[PDB]
Number of protein chains: 2
Amino acid sequence: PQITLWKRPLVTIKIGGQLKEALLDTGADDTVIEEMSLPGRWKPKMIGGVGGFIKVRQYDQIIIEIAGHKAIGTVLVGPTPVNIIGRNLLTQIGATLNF
Amino acid sequence: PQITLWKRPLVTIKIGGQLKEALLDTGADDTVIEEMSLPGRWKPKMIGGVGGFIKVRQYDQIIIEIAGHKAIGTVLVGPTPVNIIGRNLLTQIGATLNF
Ligand SMILES: CCCC[C@@H](CN[C@@H](CCCC)C(=O)N[C@@H](CCC(N)=O)C(=O)N[C@@H](CCCNC(N)=[NH2+])C(N)=O)NC(=O)[C@@H](NC(=O)[C@@H](NC(C)=O)[C@@H](C)O)[C@@H](C)CC
């Protein structure tokens, strides 16, 4: 799809058997999801942006379906105000910025 | 151009006659730049990100070039970790996300 930017670029995702809404964020290195369960081992991480840092749990090799397109990668889980799809998964679905 | 996301989508901007680096950020409503001097009066604004909220100065109708494309619009100045070009100006330069 071609997504214009008049509004926030929100899409439906499926992760860990759950549907969620998430923001496509070219300004995010990583993908960050609100508290949920995921399989496998994790390690803590601190991630920062506007307003400072939050502590998250890093899970690897997680499959997400993003607007119908499957991707695998690292997902961070923690108290983010918005679910964010970052570059690590945007690349996998072939997303580009065009102007 | 077509900008892939394997690296951060950093571009050169020009504001106040000066060249700066900024991040093209589809997950940002607004454009936020590190402390600098801009002309005119400002109004107060609170913005939020992954770590919480910060106060910024809002300047309107500022002339800015983004990757060689001319825009005129609102620029927020404050303690952002990085210069970000948000949707308010991405729409002026005709940017879309595509996959
Ligand atoms: C400044 C740092 C770079 C840009 C920023 C853009 N992220 C979005 C996420 C939105 C969810 C919180 C953002 O902050 N957007 C703000 C930007 C400010 C602005 N005004 O445009 C926004 O639109 N804020 C809206 C509110 C969004 C609320 N939405 C909602 N409640 N549904 C606003 N009007 O204040 N990226 C990040 O915050 C990411 N940071 C990074 O990628 C890097 N960190 C740093 C410091 O560069 C990396 C080294 O960790 C996070 C997510 C970790 C991977």
Side-chain angles (χ1 to χ4, degrees), chain A residues 1-51 53-99, chain B residues 2-9 23-32 47-53 82 84-99:
Chain A
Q2 173 165 99
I3 302 182
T4 57
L5 295 171
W6 300 113
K7 62 184 346 182
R8 293 168 182 164
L10 294 173
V11 300
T12 301
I13 70 167
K14 190 172 188 158
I15 179 173
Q18 299 176 225
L19 294 163
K20 294 181 175 298
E21 177 179 85
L23 182 70
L24 305 181
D25 189 0
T26 59
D29 292 354
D30 304 326
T31 294
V32 193
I33 306 296
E34 67 200 342
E35 284 293 350
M36 68 175 297
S37 297
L38 286 180
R41 274 73 237 152
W42 59 269
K43 65 178 153 184
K45 191 172 187 186
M46 287 281 268
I47 56 170
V50 170
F53 291 79
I54 60 169
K55 189 178 66 163
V56 300
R57 304 189 308 285
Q58 179 182 330
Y59 295 86
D60 291 339
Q61 300 298 150
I62 301 301
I63 300 171
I64 300 191
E65 188 177 25
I66 301 158
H69 295 70
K70 297 184 180 150
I72 190 168
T74 297
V75 175
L76 311 179
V77 177
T80 179
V82 178
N83 297 321
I84 294 158
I85 307 302
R87 294 189 298 98
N88 73 307
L89 294 181
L90 294 170
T91 57
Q92 300 298 285
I93 68 176
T96 60
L97 194 62
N98 291 268
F99 61 97
Chain B
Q2 172 165 85
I3 302 184
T4 64
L5 297 171
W6 306 97
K7 296 175 39 270
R8 281 171 192 159
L23 187 66
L24 304 177
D25 192 355
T26 58
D29 297 341
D30 306 303
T31 292
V32 195
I47 58 169
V50 89
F53 302 93
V82 3
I84 62 186
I85 310 305
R87 294 186 298 94
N88 71 307
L89 301 183
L90 295 171
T91 56
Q92 288 199 23
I93 71 174
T96 57
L97 276 170
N98 295 264
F99 56 97

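Below, all heavy atoms of this structure are taken into account, side chains as well, without hydrogens, waters or symmetry copies. Reminder, nothing fancy here: chain letters follow the sequence lines and each chain counts from 1.
The two residues A/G49 and B/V50 come nearest to each other via the heavy atoms N-CG1, 3.6 Å. The two residues A/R87 and B/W6 come nearest to each other via the heavy atoms NH1-O, 3.3 Å. The minimum heavy-atom distance linking A/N88 with A/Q92 is given by the pair O-CG, 3.6 Å. Contact record, A/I93 with A/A71: CG2-CB, 4.1 Å, taken as the closest heavy-atom pair. Closest heavy-atom contact between A/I62 and A/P39: CD1-O, 4.1 Å. When all heavy atoms of A/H69 and A/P1 are compared, the pair lying nearest together is CE1-CD, 4.3 Å.
Within the 3.5 Å criterion, the main-chain N or O of B/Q2 finds no donor-acceptor partner in the side chain of A/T96. Not a single donor-acceptor pair under 3.5 Å links the side chain of A/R57 to the backbone N or O of A/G78. The main-chain N or O of A/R8 is never found under 3.5 Å from a side-chain atom of B/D29 such that the two would form a donor-acceptor pair. Judged by distance alone, with hydrogens and angles left aside, the side-chain atoms of B/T91 form no donor-acceptor pair with the main-chain N or O of A/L5 at under 3.5 Å.
In this structure, the separation between CG on A/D25 and OG1 on B/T26 is 5.5 Å, given to the nearest 0.5 Å. Taken to the nearest 0.5 Å, the NZ atom of A/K43 stands 6.0 Å off from the CG atom of A/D60. We find the CD-CD1 distance between A/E21 and A/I85 to be 11.0 Å, quoted to the nearest 0.5 Å. Between the CG atom in B/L97 and the CZ atom in A/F99 there is a gap of 12.0 Å [rounded to 0.5 Å]. Here the CG-CD1 distance, from A/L89 to A/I13, works out to 9.0 Å after rounding to the nearest 0.5 Å. Rounded to the nearest 0.5 Å, atoms CG (A/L10) and NZ (A/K20) are 14.0 Å apart.
Sequence neighbours left out, not one pair with a member in residues 88-97 of chain B passes salt bridge (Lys or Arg N to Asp or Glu O under 4.0 Å).
Residues A/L23 and A/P9 have side chains in contact (heavy-atom distance under 4.5 Å, counting atoms from C-beta outward). Taking the side chain as every heavy atom from C-beta outward, A/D30 and A/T74 never approach each other to under 4.5 Å.
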(request) Give the C-alpha distance, both sets of side-chain angles, the deciding distance and a yes or no for side-chain contact (heavy atoms from CB on, under 4.5 Å) between A/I66 and A/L24. (result) CA-CA 9 Å; A/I66 301 158; A/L24 305 181; 4.1 Å; yes
(request) Please report the C-alpha distance between A/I33 and A/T80 in whole Å, then the side-chain angles of each, then the deciding distance to 0.1 Å, and finally whether the side-chain contact (heavy atoms from CB on, under 4.5 Å) criterion is met. (result) CA-CA 7 Å; A/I33 306 296; A/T80 179; 5.7 Å; no
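Checking each of A/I63, A/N83, A/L38 against A/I15 for a side chain to side chain contact (heavy atoms under 4.5 Å, CB included) leaves exactly one that passes, namely A/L38.
Ring-plane geometry between A/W42 and A/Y59 is classed as tilted, the angle between the planes lying from 30 to 60 degrees on a 0 to 90 degree scale.
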